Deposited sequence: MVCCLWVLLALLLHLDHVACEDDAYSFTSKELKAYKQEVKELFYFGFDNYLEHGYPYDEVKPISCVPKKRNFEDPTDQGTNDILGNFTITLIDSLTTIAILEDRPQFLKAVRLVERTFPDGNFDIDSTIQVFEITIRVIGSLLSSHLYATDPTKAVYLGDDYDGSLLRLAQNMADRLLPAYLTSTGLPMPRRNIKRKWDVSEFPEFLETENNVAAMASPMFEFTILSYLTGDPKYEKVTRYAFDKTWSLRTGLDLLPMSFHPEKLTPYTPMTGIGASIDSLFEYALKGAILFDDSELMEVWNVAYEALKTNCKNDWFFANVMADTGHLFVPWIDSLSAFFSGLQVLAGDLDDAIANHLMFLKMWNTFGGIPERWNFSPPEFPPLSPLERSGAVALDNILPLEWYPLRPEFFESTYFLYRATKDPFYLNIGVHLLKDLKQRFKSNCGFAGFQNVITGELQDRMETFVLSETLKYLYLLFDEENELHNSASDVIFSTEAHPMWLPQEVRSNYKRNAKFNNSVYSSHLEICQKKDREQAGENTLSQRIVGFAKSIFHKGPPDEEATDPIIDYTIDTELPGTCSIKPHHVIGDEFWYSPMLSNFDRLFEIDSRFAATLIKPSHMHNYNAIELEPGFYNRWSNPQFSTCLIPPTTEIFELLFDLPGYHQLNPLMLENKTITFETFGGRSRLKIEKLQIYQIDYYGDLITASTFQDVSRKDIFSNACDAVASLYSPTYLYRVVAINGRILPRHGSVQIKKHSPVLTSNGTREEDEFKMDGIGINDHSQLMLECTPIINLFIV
């Protein structure tokens, strides 16, 4: 019954993940407590580095307030174990009997906000919600809410800047800041405002978020880092990776949770910019904010969350394509390296894998969207890897360096908070979060959030200080299939990444024995359709992209007829064209035949010079526009309502590049 994924076997895996989380949490309680974390290899507390203030890498995360316990509160709540949650809440109260975080620690506002405040707010919601199986009722007295409010009060002074943007670090007892740090806190602080009824948190943090969004450039791409006082971008680099991810995440999630139209519009604009400029076939590359040109040849591991974010936004196909790349990265290295070059070990600049949950989060959300046992198999293999390689004497340790296989002696709080939580939820089909609530919004640290309607109404009343849609099914899903996984069987480009980036996907020495997750014989022999489980011939043709800086405004959602219609073409438009040569394999795996070149007009009816040139060797085909990969036989028409050299229009109304018509691009 291996890899059959019945309800009973899923319950077994869920129990295994529960036992793993309890192993880690009990080890922390026994050894690390009362300190922030417990070192897994050495079985000793990982105390805050009091002696060396300069060590902001460790000091920022560790404020010496049992951050692991606070973060694990929400994980315990999701486990639906009332006794354990009550015990943890009582332990938190005992650690902070006065109800305040009077700890002399210089800490990072963003990380602390997402972890301690997020966990406290979600735990309070769980404790005060009668529906939840972890309801405390009389035993609870708002202590978690008061602690969260105290921490928020201590952190708020960070926003008392000239421009209203928060300072990167602050001392709770008493220059460069990334956009994610500047803006993301607003989600948690607005939830806090709703719960307490105090508008100040929401007002200040929302203003900071709005300023951060306004800092975007003309392309609607936000540079990752900024100087709050000078408002000068340190790096033109931008993307969906670390330091900017939480901004988009919380823009969309706040739009969803607070029913805010401004946040939803911000998300729409930012997401359209990302699709136009950053998006590629298998990942969102990192591009210059001002120009949109590729900046660095690597994609960081933090960006693996965007598949889940897109699942939330309703773009299943993009999420699947992006998640497949990180699946291949795990297959190659056994752990998603911090950074990885797609264009050429030495390939990985930063190669430590701290056991980040983003891949787990994406797998969980994609399984929820598609219900495909492909992602269940991914989760099973991740659990096996945890137990066999990451599990240690007193916790779970990630790779210090995937190239050599060394395991670092550190258990980050996000491990217990997010990785185990998402794995359990992926295996816990019957969890109340998705079976019953159906409206929860996970925070960036995987803390469930939801504002009760009474709280919403009270906050709205007492103040004192076309639309979007979701795709029903992925494109690759064909008809109905009961026996086989649609991803394995029907995703023709499933293994295209292996060939396309074979140069940079080099298995380290310790990875030689490991087989590809999707190719596990037990899983493959069961969840693969022999009729359709077929590779796709790679494109041998030349593929190049050009930029169209046409004046006007950019249409956020061009309407789909197998045709994409562009009423307006203003702003930069990244068009991915394919050169067509006779007897060659195209982007879609079909052999180019002479009929393609038959009845071709190279003459420019809008000009005269091109006519002499026309009086062929190759044609041009558009395969993706503004990041939207066209379907097979996919035409594109742009409404007329040109000056740029080398552009022409023929009798058939197909734009010419270099006097060469583009078969599927039209100008109507």
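*Asks:* Since the structure holds only modelled residues, which stretches of the deposited sequence does it leave out?
*Replies:* Residues lacking C-alpha coordinates: 1 to 22, 197 to 208, 379 to 395, 517 to 574, 671 to 672, 727 to 729, 756 to 769.
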